[PDB]
Structure formats: structure tokens, C-alpha cells
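For reference, the structure discussed in these notes is given below.
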There are 4 protein chains.
Amino acid sequence: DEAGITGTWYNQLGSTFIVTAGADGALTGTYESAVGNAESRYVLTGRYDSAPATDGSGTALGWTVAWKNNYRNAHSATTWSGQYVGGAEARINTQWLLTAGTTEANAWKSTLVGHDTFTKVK
Amino acid sequence: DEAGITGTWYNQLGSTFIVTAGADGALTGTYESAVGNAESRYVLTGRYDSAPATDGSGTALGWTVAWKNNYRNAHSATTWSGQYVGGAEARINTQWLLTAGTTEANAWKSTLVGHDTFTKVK
Amino acid sequence: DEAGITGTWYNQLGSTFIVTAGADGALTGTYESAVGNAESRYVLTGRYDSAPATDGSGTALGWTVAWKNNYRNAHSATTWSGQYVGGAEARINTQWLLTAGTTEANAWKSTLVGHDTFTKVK
Amino acid sequence: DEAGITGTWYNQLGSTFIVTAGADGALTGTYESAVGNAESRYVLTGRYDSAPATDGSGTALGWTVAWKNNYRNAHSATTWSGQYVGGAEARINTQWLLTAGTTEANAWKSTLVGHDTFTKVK
Ligand SMILES: [Ir+3]
Ligand SMILES: [Ir+3]
Ligand SMILES: [Ir+3]
Ligand SMILES: [Ir+3]
Ligand SMILES: [Ir+3]
Ligand SMILES: [Ir+3]
Ligand SMILES: [Ir+3]
Ligand SMILES: [Ir+3]
């Protein structure tokens, strides 16, 4: 799945996820969000299961973006957790957690949850 | 917070999180889970906000572990999203998503959610 | 939105959600899951915002099903949290948490997270 | 567990959860949040597993509050999903999803996630 995961992906929001999957389970690349307090590309790093089940199961993976780059700092980090499904309609189906830096008093409202589906076309 | 984050952390489950925070926002290290289909150390990578608010707010961060190493492959990945709070009782407060590789039919039950609190003592 | 919410809804899994919205914010009805350790109808109850923003915003709502009925007991409960969006393509977009009863030792793996989209056709 | 669940509970935020558990699996009561856009009591309804495992497992349950009452309308709903654990240090351990009513453009940031632990003392 190293071959299947590596490349450019697009989600339902119009965001662009560019990733290289290493032979070892490494994920590295950049993320550009179509929404939120974000501009241009942000570094991402993550991990994937580099020897997944050969019984038609998806390939577990995850990655993180910290929303600081040379343009902006949104004092937040998003992690996507999900699975890569290969084939003619390849998809990475994820759920994500976005945590903002907050005061201790506001910690209860620090974390957003959502889901993104990434495809090779878009 | 590069200085504050780098080091060994322990969660409420007895798991051990060893991390180095780079000047740039990189997180690298190893994770050893006290629970689940896990044995020994697993590679982790993530990101943190390397220029956080100076108004007492936490420092947003996240990381991923893919549960494959030389001992075991649990066909899953966990991402922790949260914030580092410094001081005498330093803490990393997180929520996490664990996605297992599944068939498409079982995708609805692919993802666990929980929360971990990490401290320097434990 | 009392009028818009009340009725039969179907999700992407083929599950059937039958609900009555009270003038007061009450939700009552039955849920039939197409998947999992479930058979036939289960009681549901919840709440909705009965005076939502008139600026095109969705209507916040939530409900719970405990997976015990006369046929089966799956020792679990699911809560859906989301919003109702009216119009020709009316939708209830949700994220859900399914907690199973567990021993204290297994509590870390007690809770599934996912998302369901409900429509009037299906 | 009907007997164990019924009563007044307090979370780590100082919020007050007053509930009656019906013989049938019904949960009814009021919630008063110590934090957020909330004042006084709000109606809650939910469900619990009224015949849980007798192997030391927790009792699955969930409930919803819509954040509208005679004082305020926060255009949001929270659902708590978790388990009741009985005994001398009885606890209801939950994870929750708070969805706000939003425009379709802002739906990606509509939902907060967190966790609450409720005890009989506090
Ligand atoms: Ir395998
Ligand atoms: Ir969605
Ligand atoms: Ir700042
Ligand atoms: Ir917990
Ligand atoms: Ir309003
Ligand atoms: Ir999905
Ligand atoms: Ir049982
Ligand atoms: Ir917390």
C-alpha cells in the first residue's frame, strides 16, 4: 500500500493532502486546508500499517498537522485517524480531532471532532 | 515549550510516551502501551505548535502510532490530539482515535475514541 | 422544525430512525439498526432545539438508544449528536458515540465513534 | 442499577446532573452546567441498559440535553455516552459530543468532543 497511499489526495471540503508513504510505515508531506484559519501548506507527519491484512481489510493510518507555518499560527493541531482502501475508487476514510491551545478554564471546549473522506480525484 | 515537551511521559494506563520536540514543530519518539495488542516500543511521529500563545494557553499538539513493530502487528493506528500544559504539574491532556483496518462492511465499528492524560511522574 | 424532523429517516447503513418531535424539544421514537448486535426496533429518546436560528443554521439535536429490547441485549448505548437541515434534500447529519458495558480493565476500549447521515429517502 | 443511577451526580466541572432511571431503561431529569452558554436547569432524556452483565461490567447509558430553556438558547445539543459503575465510589464515566447549529459552510467546526466523570459527591 506504500504505492497506493503516496500521492495527492482531496477531501470533501476541497482540501489537498500531499503524502509520501515510506517502506517502513512513515508518512510525510503537506496539507492545505480549504477552510478555517489556514493559508498555504503545512507540514504533516504520520504513520501507517506497512503490512496490512490481506483479507480485503483497509490499511490503518494516521497523521498530524500543527496549524503553524510561515503565514499563520492558528494555535491548534489536527489528527486524522482512519484507513486507506485501495482500488479503482481508492479512498482514505478518516475521523479527526482538532485541539486548540486554551486556558485551563476553557479546556472543556478545546477539541473539535469531525470526519474527512479523501479521494485521488477532486 | 520544546524544552518542556521533550522527555518521558506516563499516562493513567501505565503507558510510556518518549518524545523529542524539534525547534521546528516536529515530534519524534516511541510509545509503549500498557494495554491492548501491543508489545515493546512503537515509532511515533507528530507535530506541535512551536510558537504558542503567551497568555497562559496550552500548546496544541498531536502524534500518531501505527501498531506494527518487529514483535506484533495489531492492524491499527492511534492518533492523540491535545495540549501540553507546563509548570510544576506539567501535563499533556489528550483525546485519541484508534482506527483498526477493517472490511468495508465493518467500517462503522472501526474506530475507538478515548482520552489519555500524561504526566512526567508515573 | 418540529414538522421537518418528525417522521421516518434512513441512514447510509440502511438503518431506520422513526421519530416524533414535540413542540417542547422532546424527541421520541424507535431505531432499527441494519448492522451490529441488533434486531427489530429499540426505544429512542432525545432533545432538539425547538427555536433555532433563522439565519440558515441547522437545528441542533441528539438522541440515545440503549441496545436492549425483547429480542436482544448488546450491553451498549449509542448517542447521536448533530443537526437537522431542512429543505428539498433534508438531512440529519450526526456523529455518534457507542459505549459498551465493560470491566474497568477494558474501559479504554469501551467506546466507538462514527458518523451517520440520515435522509427522508432510502 | 435503576437504584444506583437514580439521584444527583456532579462532574469535574462542577455541573449537576439530576436523573431518574425507570424500570424500563428510561432516563429523565435535569442538567445544570457550571460552564458555557448555560443558565439554570435544562431537560435531559436518555436510555440505559436495564439488564446489564453480571460479570463486573459497567452499565451502558446515554442522555441528551438541548441547550434551550426559559433563560437561554445556545443553539446546541450535547449527548453523553458512557457507563455507570456502582459501588462505594460509584461513577458514571462518559464521553460527550456537543453539536452547535451552524451554516452548511461552518458544519466542519460544529461539533465539540470531550469527557465528563460524574460522582455522587461534589
Ligand atoms: Ir494480519
Ligand atoms: Ir460530514
Ligand atoms: Ir498567538
Ligand atoms: Ir477515562
Ligand atoms: Ir438565535
Ligand atoms: Ir463513513
Ligand atoms: Ir449479558
Ligand atoms: Ir479532561
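Each chain in the C-alpha cells gets a letter, A, B and so on, in the order shown; residues start at 1 in every chain, and ligands are counted from 1 in the order they appear.
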Output as a ChimeraX atom specification the set of chain B residues within 12 Å of chain D, with distances taken over only C-alpha atoms.
/B:81-82,93-97,112-117
Take the selection from the previous step and output its residues with N, CA, C and O atoms, as a PDB file, in the first residue's frame.
ATOM      1  N   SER B  81      -4.622  13.790  20.027  1.00  0.00           N
ATOM      2  CA  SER B  81      -4.734  15.233  19.803  1.00  0.00           C
ATOM      3  C   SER B  81      -4.980  15.890  21.158  1.00  0.00           C
ATOM      4  O   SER B  81      -5.850  15.462  21.913  1.00  0.00           O
ATOM      5  N   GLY B  82      -4.215  16.923  21.481  1.00  0.00           N
ATOM      6  CA  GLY B  82      -4.385  17.574  22.774  1.00  0.00           C
ATOM      7  C   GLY B  82      -3.517  18.792  22.980  1.00  0.00           C
ATOM      8  O   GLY B  82      -3.085  19.439  22.020  1.00  0.00           O
ATOM      9  N   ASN B  93      -2.731  16.729  27.994  1.00  0.00           N
ATOM     10  CA  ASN B  93      -4.095  16.247  28.049  1.00  0.00           C
ATOM     11  C   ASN B  93      -4.561  15.956  26.642  1.00  0.00           C
ATOM     12  O   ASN B  93      -4.526  16.830  25.793  1.00  0.00           O
ATOM     13  N   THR B  94      -4.966  14.712  26.391  1.00  0.00           N
ATOM     14  CA  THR B  94      -5.317  14.293  25.037  1.00  0.00           C
ATOM     15  C   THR B  94      -6.657  13.570  24.926  1.00  0.00           C
ATOM     16  O   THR B  94      -7.166  12.994  25.887  1.00  0.00           O
ATOM     17  N   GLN B  95      -7.203  13.619  23.720  1.00  0.00           N
ATOM     18  CA  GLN B  95      -8.234  12.703  23.274  1.00  0.00           C
ATOM     19  C   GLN B  95      -7.628  11.938  22.107  1.00  0.00           C
ATOM     20  O   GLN B  95      -6.756  12.454  21.409  1.00  0.00           O
ATOM     21  N   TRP B  96      -8.014  10.676  21.937  1.00  0.00           N
ATOM     22  CA  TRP B  96      -7.419   9.870  20.884  1.00  0.00           C
ATOM     23  C   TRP B  96      -8.451   9.111  20.059  1.00  0.00           C
ATOM     24  O   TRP B  96      -9.579   8.883  20.508  1.00  0.00           O
ATOM     25  N   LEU B  97      -8.057   8.777  18.834  1.00  0.00           N
ATOM     26  CA  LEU B  97      -8.856   7.956  17.926  1.00  0.00           C
ATOM     27  C   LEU B  97      -8.015   6.766  17.497  1.00  0.00           C
ATOM     28  O   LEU B  97      -6.921   6.931  16.936  1.00  0.00           O
ATOM     29  N   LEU B 112     -12.197   3.440  17.708  1.00  0.00           N
ATOM     30  CA  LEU B 112     -12.375   3.704  19.118  1.00  0.00           C
ATOM     31  C   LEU B 112     -11.995   5.155  19.427  1.00  0.00           C
ATOM     32  O   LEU B 112     -11.114   5.744  18.780  1.00  0.00           O
ATOM     33  N   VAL B 113     -12.651   5.715  20.434  1.00  0.00           N
ATOM     34  CA  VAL B 113     -12.304   7.034  20.940  1.00  0.00           C
ATOM     35  C   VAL B 113     -12.100   6.948  22.448  1.00  0.00           C
ATOM     36  O   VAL B 113     -12.794   6.199  23.149  1.00  0.00           O
ATOM     37  N   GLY B 114     -11.125   7.704  22.940  1.00  0.00           N
ATOM     38  CA  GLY B 114     -10.886   7.791  24.369  1.00  0.00           C
ATOM     39  C   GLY B 114     -10.057   9.012  24.719  1.00  0.00           C
ATOM     40  O   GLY B 114      -9.855   9.906  23.895  1.00  0.00           O
ATOM     41  N   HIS B 115      -9.582   9.058  25.958  1.00  0.00           N
ATOM     42  CA  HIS B 115      -8.738  10.167  26.397  1.00  0.00           C
ATOM     43  C   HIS B 115      -7.632   9.654  27.308  1.00  0.00           C
ATOM     44  O   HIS B 115      -7.849   8.736  28.105  1.00  0.00           O
ATOM     45  N   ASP B 116      -6.452  10.246  27.159  1.00  0.00           N
ATOM     46  CA  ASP B 116      -5.275   9.949  27.979  1.00  0.00           C
ATOM     47  C   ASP B 116      -4.728  11.250  28.569  1.00  0.00           C
ATOM     48  O   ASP B 116      -4.663  12.271  27.885  1.00  0.00           O
ATOM     49  N   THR B 117      -4.317  11.196  29.831  1.00  0.00           N
ATOM     50  CA  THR B 117      -3.604  12.302  30.458  1.00  0.00           C
ATOM     51  C   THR B 117      -2.205  11.808  30.783  1.00  0.00           C
ATOM     52  O   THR B 117      -2.044  10.773  31.433  1.00  0.00           O
TER      53      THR B 117
END
Residues of chain A classed as alpha helix (DSSP H) by DSSP on the backbone are to be reported as a PyMOL selection string.
chain A and resi 2-5
Output N, CA, C and O atoms of each residue in that selection to a file, as a PDB file, in the first residue's frame.
ATOM      1  N   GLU A   2       2.164   1.087   0.154  1.00  0.00           N
ATOM      2  CA  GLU A   2       3.088   2.210   0.041  1.00  0.00           C
ATOM      3  C   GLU A   2       2.810   2.961  -1.262  1.00  0.00           C
ATOM      4  O   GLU A   2       2.718   4.191  -1.284  1.00  0.00           O
ATOM      5  N   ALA A   3       2.651   2.193  -2.337  1.00  0.00           N
ATOM      6  CA  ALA A   3       2.413   2.733  -3.673  1.00  0.00           C
ATOM      7  C   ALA A   3       1.047   3.407  -3.770  1.00  0.00           C
ATOM      8  O   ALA A   3       0.912   4.473  -4.380  1.00  0.00           O
ATOM      9  N   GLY A   4       0.040   2.785  -3.158  1.00  0.00           N
ATOM     10  CA  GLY A   4      -1.327   3.291  -3.204  1.00  0.00           C
ATOM     11  C   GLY A   4      -1.550   4.573  -2.422  1.00  0.00           C
ATOM     12  O   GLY A   4      -2.306   5.440  -2.856  1.00  0.00           O
ATOM     13  N   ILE A   5      -0.900   4.692  -1.265  1.00  0.00           N
ATOM     14  CA  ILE A   5      -1.064   5.858  -0.395  1.00  0.00           C
ATOM     15  C   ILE A   5      -0.313   7.097  -0.897  1.00  0.00           C
ATOM     16  O   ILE A   5      -0.836   8.205  -0.843  1.00  0.00           O
TER      17      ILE A   5
END
Pick out the residues sitting within 10 Å of residue 104 of chain A, and hand them over as a VMD selection string; count only C-alpha atoms, and ignore anything fewer than 5 positions along from it in its own chain.
(chain A and resid 110) or (chain B and resid 56 to 58 85)
Using the selection just defined, write its residues with N, CA and C atoms as a compact mmCIF listing (two decimals), in the first residue's frame.
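This is the output file part29.txt:
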# COMPACT_ATOMS: atom_id res chain seq x y z
N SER A 110 -12.02 22.76 23.97
CA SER A 110 -10.78 22.86 23.21
C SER A 110 -10.75 22.02 21.94
N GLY B 56 -1.11 32.14 28.84
CA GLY B 56 -1.46 31.02 29.73
C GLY B 56 -2.15 29.85 29.03
N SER B 57 -2.33 29.94 27.72
CA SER B 57 -2.97 28.87 26.96
C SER B 57 -2.04 27.66 26.84
N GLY B 58 -2.63 26.48 26.64
CA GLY B 58 -1.85 25.29 26.36
C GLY B 58 -1.22 25.33 24.98
N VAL B 85 0.49 21.42 28.84
CA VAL B 85 0.42 22.47 29.84
C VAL B 85 1.66 22.33 30.71
Identify, counting only C-alpha atoms and all ligand atoms, the protein, DNA and RNA residues located within 12 Å of ligand 5, and give them as a ChimeraX atom specification.
/C:49-60 /D:67-68,72-76,100-102
Keeping only N, CA, C and O atoms, take the residues you just selected and write them out as an mmCIF file, in the first residue's frame.
data_model
loop_
_atom_site.group_PDB
_atom_site.id
_atom_site.type_symbol
_atom_site.label_atom_id
_atom_site.label_comp_id
_atom_site.auth_asym_id
_atom_site.auth_seq_id
_atom_site.Cartn_x
_atom_site.Cartn_y
_atom_site.Cartn_z
ATOM 1 N N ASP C 49 -33.293 21.536 19.641
ATOM 2 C CA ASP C 49 -33.504 22.973 19.801
ATOM 3 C C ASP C 49 -34.786 23.367 19.070
ATOM 4 O O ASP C 49 -34.815 23.393 17.833
ATOM 5 N N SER C 50 -35.841 23.660 19.833
ATOM 6 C CA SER C 50 -37.171 23.942 19.272
ATOM 7 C C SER C 50 -37.389 25.412 18.884
ATOM 8 O O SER C 50 -38.499 25.803 18.531
ATOM 9 N N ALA C 51 -36.335 26.218 18.961
ATOM 10 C CA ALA C 51 -36.379 27.593 18.488
ATOM 11 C C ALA C 51 -35.007 27.958 17.919
ATOM 12 O O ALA C 51 -34.285 28.772 18.503
ATOM 13 N N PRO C 52 -34.645 27.354 16.771
ATOM 14 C CA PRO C 52 -33.306 27.513 16.179
ATOM 15 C C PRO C 52 -33.114 28.839 15.436
ATOM 16 O O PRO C 52 -34.090 29.548 15.156
ATOM 17 N N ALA C 53 -31.859 29.154 15.117
ATOM 18 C CA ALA C 53 -31.513 30.393 14.428
ATOM 19 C C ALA C 53 -32.161 30.466 13.049
ATOM 20 O O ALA C 53 -32.255 29.463 12.343
ATOM 21 N N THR C 54 -32.595 31.591 12.742
ATOM 22 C CA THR C 54 -33.247 31.881 11.466
ATOM 23 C C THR C 54 -32.276 32.628 10.549
ATOM 24 O O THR C 54 -32.596 33.706 10.012
ATOM 25 N N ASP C 55 -31.165 32.127 10.576
ATOM 26 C CA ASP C 55 -30.119 32.652 9.698
ATOM 27 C C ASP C 55 -29.528 31.562 8.792
ATOM 28 O O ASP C 55 -28.380 31.667 8.347
ATOM 29 N N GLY C 56 -30.317 30.522 8.523
ATOM 30 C CA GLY C 56 -29.875 29.406 7.680
ATOM 31 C C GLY C 56 -29.092 28.325 8.418
ATOM 32 O O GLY C 56 -28.640 27.353 7.806
ATOM 33 N N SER C 57 -28.926 28.482 9.730
ATOM 34 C CA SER C 57 -28.200 27.493 10.528
ATOM 35 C C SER C 57 -29.023 26.216 10.700
ATOM 36 O O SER C 57 -30.249 26.236 10.601
ATOM 37 N N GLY C 58 -28.341 25.102 10.945
ATOM 38 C CA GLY C 58 -29.015 23.861 11.268
ATOM 39 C C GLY C 58 -29.650 23.902 12.650
ATOM 40 O O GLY C 58 -29.404 24.820 13.437
ATOM 41 N N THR C 59 -30.466 22.895 12.938
ATOM 42 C CA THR C 59 -31.115 22.729 14.238
ATOM 43 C C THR C 59 -30.434 21.637 15.052
ATOM 44 O O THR C 59 -30.510 20.454 14.706
ATOM 45 N N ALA C 60 -29.774 22.026 16.140
ATOM 46 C CA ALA C 60 -29.052 21.071 16.984
ATOM 47 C C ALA C 60 -29.997 20.050 17.603
ATOM 48 O O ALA C 60 -31.095 20.386 18.022
ATOM 49 N N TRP D 67 -29.679 22.756 24.652
ATOM 50 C CA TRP D 67 -29.320 23.904 25.494
ATOM 51 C C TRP D 67 -30.258 25.097 25.297
ATOM 52 O O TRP D 67 -29.831 26.254 25.136
ATOM 53 N N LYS D 68 -31.550 24.786 25.321
ATOM 54 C CA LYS D 68 -32.603 25.777 25.310
ATOM 55 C C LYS D 68 -33.452 25.583 26.557
ATOM 56 O O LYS D 68 -33.918 24.477 26.840
ATOM 57 N N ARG D 72 -32.193 30.887 28.310
ATOM 58 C CA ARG D 72 -31.205 30.981 27.243
ATOM 59 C C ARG D 72 -31.421 29.938 26.163
ATOM 60 O O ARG D 72 -32.009 28.885 26.407
ATOM 61 N N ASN D 73 -30.932 30.248 24.964
ATOM 62 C CA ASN D 73 -30.853 29.268 23.894
ATOM 63 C C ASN D 73 -29.473 29.333 23.246
ATOM 64 O O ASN D 73 -29.162 30.283 22.532
ATOM 65 N N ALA D 74 -28.654 28.315 23.500
ATOM 66 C CA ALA D 74 -27.283 28.248 22.977
ATOM 67 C C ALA D 74 -27.196 27.515 21.634
ATOM 68 O O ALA D 74 -26.102 27.216 21.157
ATOM 69 N N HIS D 75 -28.343 27.222 21.037
ATOM 70 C CA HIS D 75 -28.397 26.608 19.712
ATOM 71 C C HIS D 75 -27.444 25.436 19.580
ATOM 72 O O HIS D 75 -26.634 25.366 18.660
ATOM 73 N N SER D 76 -27.546 24.526 20.538
ATOM 74 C CA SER D 76 -26.656 23.386 20.609
ATOM 75 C C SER D 76 -27.290 22.256 21.408
ATOM 76 O O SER D 76 -28.274 22.464 22.135
ATOM 77 N N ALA D 100 -23.306 22.279 17.706
ATOM 78 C CA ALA D 100 -23.977 23.569 17.573
ATOM 79 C C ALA D 100 -24.676 23.638 16.229
ATOM 80 O O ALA D 100 -24.221 23.047 15.248
ATOM 81 N N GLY D 101 -25.798 24.343 16.178
ATOM 82 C CA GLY D 101 -26.427 24.633 14.890
ATOM 83 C C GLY D 101 -25.531 25.571 14.110
ATOM 84 O O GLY D 101 -25.127 26.606 14.626
ATOM 85 N N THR D 102 -25.208 25.217 12.870
ATOM 86 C CA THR D 102 -24.349 26.050 12.041
ATOM 87 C C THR D 102 -24.877 26.160 10.620
ATOM 88 O O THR D 102 -25.750 25.398 10.203
#
Of the candidates A:77, A:71, A:84, A:32, which one gets nearest to residue 6 of chain A if we count only C-alpha atoms?
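Smallest separation from residue 6 of chain A among the options: A:84.
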